[PDB]
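No hydrogens, no waters, no symmetry mates; every other heavy atom, side chains included, goes into these values. Lettering of chains follows the sequences in order, A, B, ..., and the numbering in each one begins at 1.
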Amino acid sequence: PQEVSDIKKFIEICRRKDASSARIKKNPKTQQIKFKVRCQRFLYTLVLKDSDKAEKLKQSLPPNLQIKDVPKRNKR
Amino acid sequence: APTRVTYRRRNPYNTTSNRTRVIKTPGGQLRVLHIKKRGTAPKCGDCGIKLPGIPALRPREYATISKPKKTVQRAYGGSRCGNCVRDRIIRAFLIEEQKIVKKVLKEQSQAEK
Amino acid sequence: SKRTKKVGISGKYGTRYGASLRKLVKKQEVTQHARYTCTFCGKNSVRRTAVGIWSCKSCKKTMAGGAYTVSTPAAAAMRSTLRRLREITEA
Amino acid sequence: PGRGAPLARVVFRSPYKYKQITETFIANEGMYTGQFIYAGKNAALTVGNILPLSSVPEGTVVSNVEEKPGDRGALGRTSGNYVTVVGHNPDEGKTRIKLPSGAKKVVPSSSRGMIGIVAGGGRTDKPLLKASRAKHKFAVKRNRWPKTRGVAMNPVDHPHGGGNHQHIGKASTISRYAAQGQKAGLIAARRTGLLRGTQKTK
Amino acid sequence: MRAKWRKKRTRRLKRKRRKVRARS
Amino acid sequence: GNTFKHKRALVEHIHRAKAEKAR
RNA sequence: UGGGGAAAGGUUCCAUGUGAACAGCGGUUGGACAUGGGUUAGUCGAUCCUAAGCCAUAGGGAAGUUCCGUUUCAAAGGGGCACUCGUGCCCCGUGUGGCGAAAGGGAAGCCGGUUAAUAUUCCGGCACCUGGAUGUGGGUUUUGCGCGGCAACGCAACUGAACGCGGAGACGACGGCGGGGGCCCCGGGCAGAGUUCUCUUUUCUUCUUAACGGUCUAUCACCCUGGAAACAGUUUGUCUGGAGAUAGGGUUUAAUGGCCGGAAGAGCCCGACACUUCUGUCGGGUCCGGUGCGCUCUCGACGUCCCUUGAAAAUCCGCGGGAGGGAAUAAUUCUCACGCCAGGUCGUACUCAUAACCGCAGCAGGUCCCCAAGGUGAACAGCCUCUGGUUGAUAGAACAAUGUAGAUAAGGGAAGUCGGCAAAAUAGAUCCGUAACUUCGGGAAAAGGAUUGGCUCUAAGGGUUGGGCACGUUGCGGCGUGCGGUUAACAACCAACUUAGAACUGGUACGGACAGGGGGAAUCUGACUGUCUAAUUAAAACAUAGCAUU
RNA sequence: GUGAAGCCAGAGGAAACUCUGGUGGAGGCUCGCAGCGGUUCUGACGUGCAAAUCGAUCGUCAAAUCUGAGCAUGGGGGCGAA
Ligand SMILES: [K+]
Ligand SMILES: [K+]
Ligand SMILES: [K+]
Ligand SMILES: [K+]
Ligand SMILES: [K+]
Ligand SMILES: [K+]
Ligand SMILES: [K+]
Ligand SMILES: [K+]
Ligand SMILES: [K+]
Ligand SMILES: [K+]
Ligand SMILES: [K+]
Ligand SMILES: [K+]
Ligand SMILES: [K+]
Ligand SMILES: [K+]
Ligand SMILES: [K+]
Ligand SMILES: [K+]
Ligand SMILES: [K+]
Ligand SMILES: [K+]
Ligand SMILES: [K+]
Ligand SMILES: [K+]
Ligand SMILES: [K+]
Ligand SMILES: [K+]
Ligand SMILES: [K+]
Ligand SMILES: [K+]
Ligand SMILES: [K+]
Ligand SMILES: [K+]
Ligand SMILES: [K+]
Ligand SMILES: [K+]
Ligand SMILES: [K+]
Ligand SMILES: [K+]
Ligand SMILES: [K+]
Ligand SMILES: [K+]
Ligand SMILES: [K+]
Ligand SMILES: [K+]
Ligand SMILES: [K+]
Ligand SMILES: [K+]
Ligand SMILES: [K+]
Ligand SMILES: [K+]
Ligand SMILES: [K+]
Ligand SMILES: [K+]
Ligand SMILES: [K+]
Ligand SMILES: [K+]
Ligand SMILES: [K+]
Ligand SMILES: [K+]
Ligand SMILES: [K+]
Ligand SMILES: [Mg+2]
Ligand SMILES: [Mg+2]
Ligand SMILES: [Mg+2]
Ligand SMILES: [Mg+2]
Ligand SMILES: [Mg+2]
Ligand SMILES: [Mg+2]
Ligand SMILES: [Mg+2]
Ligand SMILES: [Mg+2]
Ligand SMILES: [Mg+2]
Ligand SMILES: [Mg+2]
Ligand SMILES: [Mg+2]
Ligand SMILES: [Mg+2]
Ligand SMILES: [Mg+2]
Ligand SMILES: [Mg+2]
Ligand SMILES: [Mg+2]
Ligand SMILES: [Mg+2]
Ligand SMILES: [Mg+2]
Ligand SMILES: [Mg+2]
Ligand SMILES: [Mg+2]
Ligand SMILES: [Mg+2]
Ligand SMILES: [Mg+2]
Ligand SMILES: [Mg+2]
Ligand SMILES: [Mg+2]
Ligand SMILES: [Mg+2]
Ligand SMILES: [Mg+2]
Ligand SMILES: [Mg+2]
Ligand SMILES: [Mg+2]
Ligand SMILES: [Mg+2]
Ligand SMILES: [Mg+2]
Ligand SMILES: [Mg+2]
Ligand SMILES: [Mg+2]
Ligand SMILES: [Mg+2]
Ligand SMILES: [Mg+2]
Ligand SMILES: [Mg+2]
Ligand SMILES: [Mg+2]
Ligand SMILES: [Mg+2]
Ligand SMILES: [Mg+2]
Ligand SMILES: [Mg+2]
Ligand SMILES: [Mg+2]
Ligand SMILES: [Mg+2]
Ligand SMILES: [Mg+2]
Ligand SMILES: [Mg+2]
Ligand SMILES: [Zn+2]
Ligand SMILES: [Zn+2]
């Protein structure tokens with residue numbers, strides 16, 4: 001797994017043919033939002049502190065991608 | 001907490017290839033991890049000291065890392081240390097110069113007749 | 001603080017092998033464990049590596065010598081005789 | 001291991017091919033790493049050089065002397081030993097030499113030798129002093145240590161055999177032309193006993 | 001580098017040259 | 001050498017040394 | 001007497017059932033008897049390489065089965081290019097077989113879950129290696145194959161044939177010292193449990209973080225400036241320096257170190273409701289410090305020893321050289337990023353031993369390794385305890401002689417006996433004291449004496465942080481400085497142990513169990529340490545260094 | 001447990017040299033646990049647990065110490081610190 005620094009590169013990663021899916025994980029105790037995209041070789045993570053760009057970023061993603069919300073206590 | 005461990009492979013003997021170290025797992029257990037042997041630094045071809053700027057790996061591992069990481073930008077980049085390269089340049093120049101003066105002196109001062 | 005009267009380096013042998021034999025081995029142990037001044041660099045760092053090999057810790061040169069001394073009297077005499085034989089006849 | 005007399009590794013250059021060749025000589029006292037040495041008929045009279053005996057004056061000392069020109073060295077190759085040139089004979093091409101045992105020999109003048117004495121000094125001067133020290137010496141040579149006395153075996157084992165006392169029972173000097181299994185003792189002995197005077201033979 | 005490594009690179013060049021000919 | 005027994009002995013020796021050096 | 005393996009065995013493994021026989025008593029139980037089921041790999045091994053060694057080929061012996069010989073007295077090979085289409089061309093040449101290691105060398109996988117019985121092999125997530133094809137992005141080149149730094153060298157790339165040089169693979173035993181991971185130990189906090197006549201802010205348990213990556217650092221060593229005697233730097237252990245030290249500034253080999261991705265969504269601990277079953281559902285928590293001649297593994301710099309100097313091959317890389325090839329609109333055999341495809345064959349259950357191996361057997365014998373908690377204590381000694389594991393060896397009743405094993409005796413103290421055989425006596429630690437002889441190293445723990453509990457105190461042995469003015473900048477500034485000075489060494493905080501002294505106290509006892517040398521004066525004989533008659537003899541016998549002879 | 005070379009400091013003497021306190025950690029040295037071995041009881045047992053075992057008492061214990069796998073030597077032959 002690898003980390004992505006800025007937002008512009010993370011958007012360009014999600015516009016790739018081998019991008020299978022994406023998900024959103026939020027940690028309320030430490031007030032973080034994590035965006036993860038599943039590619040052929042690696043899983044890319046982007047970490048955000050605020051919450052006024054998360055929905056802005058969410059609508060900027062390509063519409064054909066599948067985005068989930070990572071429920072607590074995922075079933076086996 | 002003071003739990004005992006076992007090997008994870010069929011070899012039960014403490015040889016120079018049965019290297020292990022202890023870890024603790026996200027499941028809260030003490031286990032064993034099997035590790036390779038340490039790399040060795042390449043040496044200078046004249047005096048035999050460790051070359052600076054070059055990693056220490058097992059021999060097969062050098063086939064995958066990029067070229068600029070395996071050499072330094074100078075004549076005799078690998079395998080010579082730089083002090084030795086300085087000696088070679090000076091010695092080559094001085095000996096070549098004495099060759100000319102010995103030739104001229106021998107030809108002129110002794111074959112003038 | 002002298003801590004030994006006469007046995008010296010051969011005090012590791014206790015009360016074994018006989019007095020005369022301990023003296024004879026003492027003569028050879030003292031000279032093979034000493035330091036000698038290098039002929040090429042000048043420093044006082046030359047020790048025995050193997051039975052006939054002597055090496056300098058500073059300038060990294062090794063030389064062929066005697067069993068327990070850096071040079072032998074027979075070799076020293078021969079070098080002068082060879083020097084005289086070649087020189088005073090050809091020069 | 002197994003030898004006194006350290007060895008020297010010397011690198012030469014090929015006259016007919018683009019490469020280099022590494023040799024292994026016996027080391028004379030006084031040689032050092034980084035030293036130039038010379039070999040041939042026109043080499044100089046310096047320690048460590050190799051030249052034919054026809055190019056040396058009488059009284060010089062050499063080591064690793066060929067018995068015949070080309071066999072690469074047979075005589076005087078042990079620590080602290082050498083051979084001495086005695087005389088020449090240019091019309092027929094022979095040289096007289098003296099060997100470490102004290103014997104005299106005649107050799108063709110094209111044989112080669114190395115100027116100097118064999119390094120290794122007076123190794124045999126200090127006592128071994130311990131059984132373990134002798135054991136370490138032979139453990140890298142051959143299986144010959146320890147050694148049981150024949151007079152302490154049974155008659156089936158050795159000629160010195162048994163008896164109600166340890167003794168030999170017959171003369172211990174054995175003829176030169178005996179059978180294998182009989183030669184145990186002093187073979188073809190010209191004399192016996194403590195050597196009092198000088199030894200006439202040279 | 002090893003000879004098998006170098007053989008692969010020149011093999012690719014030969015294929016590319018015949019294919020670019022086939023293209024032309 | 002076996003001169004100073006502990007830290008206090010070394011400090012006292014320093015003070016006397018500087019006192020005589022003063023003169 | 002726990003948890004796993006190598007050799008050896010071969011179904012002994014799991015479930016259901018059972019008359020006899022077997023388990024030297026019984027048996028509803030079984031490693032027994034009957035019927036069914038169970039072993040999943042590109043990453044762990046074999047397969048590849050060579051060692052000691054074994055065997056083909058050229059040749060020579062032998063009536064012959066066959067013996068020798070392993071590079072030799074041999075015409076002994078391999079590399080490239082088109083093919084109209086295999087047929088044809090052109091280079092180099094000293095050399096030229098195989099088998100042999102499940103502990104040597106060696107490309108690549110970790111965590112969680114799952115079964116009656118398999119798992120680093122199955123399921124989920126997240127990676128890596130080799131081989132083969134190949135396209136985008138980026139890089140280089142308008143005068144052809146990259147820039148930067150005084151330098152050590154750095155950067156995502158950044159042509160390189162024949163022939164040659166070098167490095168890695170690749171190596172001994174022992175000693176003290178330093179860094180890192182795991183275990184042990186101490187203090188605080190949140191949950192749960194045990195005790196509670198009395199005491200105890202108490203006693204016990206959980207509080208975890210993998211492979212693979214990114215980023216900042218970490219001994220040795222190397223570079224630049226400069227020029228040392230009033231010599232300096234410096235290790236527990238005396239090495240280093242005009243062949244260039246101290247000092248100031250830099251470069252670099254080496255994470256099992258800090259932070260981030262993986263990753264809390266996992267695992268673990270509590271609580272509240274559902275639920276015949278099928279089924280579950282929902283809330284909280286999962287922190288912060290210290291200590292050490294501690295135990296175990298690993299790394300580093302030093303040192304000692306040798307008439308002892310402690311493997312080879314496969315495989316991978318760099319360099320010297322400059323053959324061939326290439327753009328001005330495209331070219332690029334760019335070791336850079338991402339992307340496409342594949343990885344065959346055999347083993348894998350279980351035991352490894354007072355019942356799965358070998359001893360005629362379910363025999364007190366024998367058989368190679370890894371992991372290693374608390375207390376006392378010098379301690380892997382003996383003795384008691386936790387996790388884990390057993391409660392299995394025919395039983396019931398009685399207490400005669402004679403036994404085997406364990407012990408105590410008044411007074412005398414070897415009078416017993418071939419002979420002090422057996423037993424008894426001594427024993428830790430601290431402080432005194434110690435002869436003849438001697439190869440001067442020893443004898444020596446020679447011999448002979450004194451002390452030792454409990455409680456209340458006193459003294460000594462360490463670490464970190466602070467130091468006064470005068471200018472200028474900076475959200476009490478932190479510093480660029482010009483200085484002055486050596487607090488007659490002060491203040492605050494932090495932390496284990498080791499040693500020495502005093503008073504008081506008791507049925508004079510205190511290494512209170514365990515653990516734990518009897519000593520002296522002489523004779524014979526072998527110098528010493530070592531070795532042998534497996535199953536009646538361990539010795540004065542053998543070996544040994546030294547000496548002499550051939 | 002004992003404490004060899006090398007090293008630091010102080011003291012004595014005209015010199016050559018001598019004395020004292022530390023540091024260091026050598027030896028086919030020494031007490032002793034595991035392993036390896038087998039002195040005595042002439043102990044147990046002696047139709048034995050056992051065709052060589054059991055108990056107590058003993059020897060050595062950092063080097064001529066103990067040990068696995070692979071390989072070699074074959075019967076008038078091997079191997080033998082005998
Ligand atoms: K580098
Ligand atoms: K010969
Ligand atoms: K032998
Ligand atoms: K003998
Ligand atoms: K006798
Ligand atoms: K005799
Ligand atoms: K495989
Ligand atoms: K695959
Ligand atoms: K196989
Ligand atoms: K294979
Ligand atoms: K071989
Ligand atoms: K034949
Ligand atoms: K192998
Ligand atoms: K299965
Ligand atoms: K491009
Ligand atoms: K570039
Ligand atoms: K090896
Ligand atoms: K350590
Ligand atoms: K540690
Ligand atoms: K630790
Ligand atoms: K502890
Ligand atoms: K790994
Ligand atoms: K100086
Ligand atoms: K020390
Ligand atoms: K160990
Ligand atoms: K070129
Ligand atoms: K298995
Ligand atoms: K298994
Ligand atoms: K096994
Ligand atoms: K303990
Ligand atoms: K204990
Ligand atoms: K009774
Ligand atoms: K009775
Ligand atoms: K008596
Ligand atoms: K009697
Ligand atoms: K006592
Ligand atoms: K007498
Ligand atoms: K003995
Ligand atoms: K015996
Ligand atoms: K004995
Ligand atoms: K014997
Ligand atoms: K004698
Ligand atoms: K010691
Ligand atoms: K023992
Ligand atoms: K026979
Ligand atoms: Mg006999
Ligand atoms: Mg006979
Ligand atoms: Mg006879
Ligand atoms: Mg006889
Ligand atoms: Mg069963
Ligand atoms: Mg059953
Ligand atoms: Mg029965
Ligand atoms: Mg029955
Ligand atoms: Mg039954
Ligand atoms: Mg059955
Ligand atoms: Mg493997
Ligand atoms: Mg054959
Ligand atoms: Mg034939
Ligand atoms: Mg093979
Ligand atoms: Mg292996
Ligand atoms: Mg690939
Ligand atoms: Mg090149
Ligand atoms: Mg982490
Ligand atoms: Mg890191
Ligand atoms: Mg410095
Ligand atoms: Mg994290
Ligand atoms: Mg949780
Ligand atoms: Mg199992
Ligand atoms: Mg077992
Ligand atoms: Mg048994
Ligand atoms: Mg059996
Ligand atoms: Mg204690
Ligand atoms: Mg009974
Ligand atoms: Mg009795
Ligand atoms: Mg009595
Ligand atoms: Mg009495
Ligand atoms: Mg009495
Ligand atoms: Mg007795
Ligand atoms: Mg006493
Ligand atoms: Mg005595
Ligand atoms: Mg004896
Ligand atoms: Mg016997
Ligand atoms: Mg006996
Ligand atoms: Mg001993
Ligand atoms: Mg002993
Ligand atoms: Mg008996
Ligand atoms: Mg009986
Ligand atoms: Zn160099
Ligand atoms: Zn030197």
Side-chain angles (χ1 to χ4, degrees), chain A residues 1-3 17-18 25 40-41 43 45 70-74 76, chain B residues 1-2 4-15 21-28 30 40-43 45 49-50 52-56 59-60 62-63 66-68 70-73 76-80 82, chain C residues 1-2 4-9 11-19 21 33 41 50-51 59 67, chain D residues 1 4 18-19 123-124 126-137 139-140 146 148 152-154 157 185-189 192-194, chain E residues 1-2 6 8-10 12-13, chain F residues 1-3 6-7 15:
Chain A
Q2 293 183 341
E3 249 210 78
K17 276 188 53 187
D18 47 310
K25 172 89 174 70
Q40 171 61 33
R41 185 177 172 180
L43 182 74
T45 301
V70 189
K72 62 163 68 175
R73 190 158 31 190
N74 61 331
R76 194 83 238 182
Chain B
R4 300 172 269 190
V5 296
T6 62
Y7 284 117
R8 296 174 71 178
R9 297 172 184 185
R10 290 284 184 182
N11 190 346
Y13 300 111
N14 184 30
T15 63
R21 72 180 182 90
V22 179
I23 65 169
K24 187 125 73 173
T25 53
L30 277 181
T40 307
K43 261 66 174 186
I49 45 91
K50 300 157 60 178
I54 297 170
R60 189 91 184 259
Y62 288 96
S66 184
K67 187 175 188 56
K70 287 175 296 189
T71 186
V72 336
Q73 296 290 311
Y76 295 79
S79 65
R80 322 286 174 188
Chain C
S1 161
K2 184 176 180 51
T4 253
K5 181 158 160 55
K6 57 218 299 176
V7 293
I9 185 177
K12 54 178 174 183
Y13 295 132
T15 77
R16 300 184 295 273
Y17 320 121
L21 293 184
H33 287 141
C41 71
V51 68
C59 62
Chain D
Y18 172 68
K19 68 163 180 174
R123 168 170 44 84
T124 63
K126 57 182 298 188
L128 291 162
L129 196 81
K130 276 203 305 175
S132 169
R133 296 268 185 96
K135 183 183 189 301
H136 278 281
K137 178 184 183 183
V140 78
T148 315
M153 307 174 173
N154 286 303
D157 301 313
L186 315 175
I187 307 309
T192 185
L194 189 65
Chain E
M1 303 296 283
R2 58 211 182 278
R6 297 178 291 179
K8 184 181 184 306
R9 305 172 66 93
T10 165
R12 176 187 184 180
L13 184 63
Chain F
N2 196 25
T3 324
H6 36 53
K7 192 179 187 180
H15 293 160

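Heavy atoms of D:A134 sit under 4.0 angstrom from primed sugar atoms or phosphate atoms, though from no base atom. At the heavy-atom level, C:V7 lies under 4.0 Å from the strands shown only through sugar-phosphate atoms. Using a 4.0 Å heavy-atom distance criterion, D:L194 is classed as a sugar-phosphate-only contact. Counting any heavy atom pair closer than 4.0 Å across all strands shown, B:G82 reaches no nucleic acid atom. C:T4 comes within contact range of the sugar-phosphate backbone alone, with a heavy-atom separation under 4.0 Å but no base atom that close. Using a 4.0 Å heavy-atom distance criterion, B:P59 is classed as a base contact. In this structure, A:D18 reaches the sugar-phosphate backbone alone: every heavy-atom distance under 4.0 Å involves primed, P, OP1 or OP2 atoms, never a base. When heavy atoms are screened at a 4.0 angstrom cut-off, D:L128 is found touching base atoms of the nucleic acid. Base engagement by D:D157 is indicated by at least one non-hydrogen atom pair under 4.0 Å involving a base atom. Note on D:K19: a base of the nucleic acid sits closer than 4.0 angstrom, heavy atoms only. Among the protein residues, B:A1 comes within range of the sugar-phosphate backbone only, with heavy atoms under 4.0 Å from sugar or phosphate atoms but none that close to a base.
Distances shorter than 4.0 Å separate some side-chain N or O of B:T71 from OP1 or OP2 on G:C319. Note on D:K135: every side-chain N or O is 4.0 Å or more away from OP1 and OP2 of H:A63. Between B:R4 and G:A372, a side-chain N or O to OP1/OP2 separation shorter than 4.0 Å is absent. The side chain of D:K130 places no N or O atom within less than 4.0 Å of a non-bridging phosphate oxygen (OP1 or OP2) of G:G546. Not one side-chain nitrogen or oxygen of B:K43 sits closer than 4.0 Å to the OP1 or OP2 atom of G:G167. Under 4.0 angstrom from either OP1 or OP2 of G:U486 there lies no side-chain N or O belonging to F:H15. Between B:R21 and the phosphate of G:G182, there is no side-chain N or O to OP1/OP2 separation shorter than 4.0 Å. Applying the 4.0 Å criterion to OP1 and OP2 of G:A264, one finds that A:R73 has every side-chain N and O outside that range. Taking only side-chain nitrogens and oxygens, F:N2 never comes nearer than 4.0 Å to OP1 or OP2 of H:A9. Residue E:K8 places no side-chain N or O under 4.0 Å from the OP1 or OP2 atom of G:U335. Between D:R133 and the phosphate of G:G546, there is no side-chain N or O to OP1/OP2 separation shorter than 4.0 Å. Using a 4.0 Å cut-off, some side-chain N or O of C:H33 falls inside it from OP1 or OP2 of G:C306. The shortest distance between the side-chain N/O atoms of A:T45 and the OP1/OP2 oxygens of G:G262 is below 4.0 Å.
Between G:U550, G:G167, G:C158, one nucleotide has an atom nearer to the side chain of B:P42 than all others, and that is G:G167. Closest to the side chain of B:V5, out of G:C371, G:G546, G:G442, is G:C371. Residue C:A19 places its side chain closer to G:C440 than to any other of G:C542, G:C306, G:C440. The side chain of B:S79 lies closest to G:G166, out of G:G442, G:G166, H:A81. Each of G:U253, G:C158, G:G265 was ranked by its minimum atom distance to the side chain of B:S66; first place goes to G:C158. Residue D:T148 places its side chain closer to H:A81 than to any other of G:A545, H:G28, H:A81. The side chain of B:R60 lies closest to G:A107, out of H:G28, G:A107, G:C111. Distance from the side chain of B:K24 is smallest to G:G182 among G:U256, G:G182, G:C317. Listed nucleotides H:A64, G:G4, G:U348 differ in distance to B:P12; the shortest reach to its side chain belongs to G:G4. In this structure, of G:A161, G:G113, H:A81, it is G:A161 that holds the atom nearest to the side chain of E:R6.
C:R16 has its CZ atom 15 Å from the P atom of H:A4, to the nearest Å. Atoms CG (B:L30) and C1' (G:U296) sit 13 Å apart, rounded to a whole Å. Following rounding to the nearest Å, B:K70 (NZ) and G:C319 (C1') show an atom-to-atom distance of 13 Å.
The base of G:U134 lies close enough to the side chain of E:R12 for a donor and an acceptor atom to sit less than 3.5 Å apart. Contact annotation: side chain of B:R9 to base of G:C44, donor-acceptor pair absent below 3.5 Å. You won't find any donor-acceptor pair under 3.5 Å spanning the side chain of B:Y13 and the base of G:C370, going by distance alone. Scanning atom types as modelled, no donor and acceptor separated by under 3.5 angstrom connect the side chain of B:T6 and the base of G:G3.
Stacking of the bases of G:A245 and G:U246 is indicated, with six-membered ring centres separated by less than 5.5 Å and ring planes inclined by less than 30°. Base stacking between strand neighbours G:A364 and G:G365 is absent under the criterion of six-membered ring centres closer than 5.5 Å and ring planes inclined by less than 30 degrees. Without both a ring-centre distance below 5.5 Å and an interplanar angle below 30°, G:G478 is not stacked on G:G477. Remark: G:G461 and G:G462 are not stacked on each other (six-membered ring centres under 5.5 Å, interplanar angle under 30° not both met). The neighbouring residues G:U544 and G:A545 form a stacked base step, their six-membered rings being less than 5.5 angstrom apart at the centres and less than 30 degrees apart in plane orientation.
A gap of 14 Å separates the P atoms of G:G377 and G:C455, to the nearest Å. Distance check on atom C1': G:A170 versus G:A311 gives 9 Å, rounded to whole Å. For the P atoms, the distance from G:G113 to G:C268 is 6 Å, rounded to whole Å. G:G93 and G:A108 have their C1' atoms separated by 40 Å, given to the nearest Å. Going from the P atom of G:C431 to that of H:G3 covers 15 Å, rounded to whole Å.
In terms of position on RNA chain G, the residue among D:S132 and C:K5 whose nearest nucleotide sits closer to the 5' end is D:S132.
Within a 6.0 Å sphere centred on NZ of B:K70, heavy atoms belonging to other residues, nucleotides or ligands number more than 12.
Between H:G12 and H:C17 there is a base pair of the Watson-Crick or G-U wobble kind, both donor-acceptor distances falling below 3.5 Å.
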Practice task
Evaluate the criterion side chain to side chain contact (heavy atoms under 4.5 Å, CB included) for residue pair C:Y13 and C:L21; output intermediate values, then yes/no.
Solution key: CA-CA 11 Å; C:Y13 295 132; C:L21 293 184; over 6 Å; no
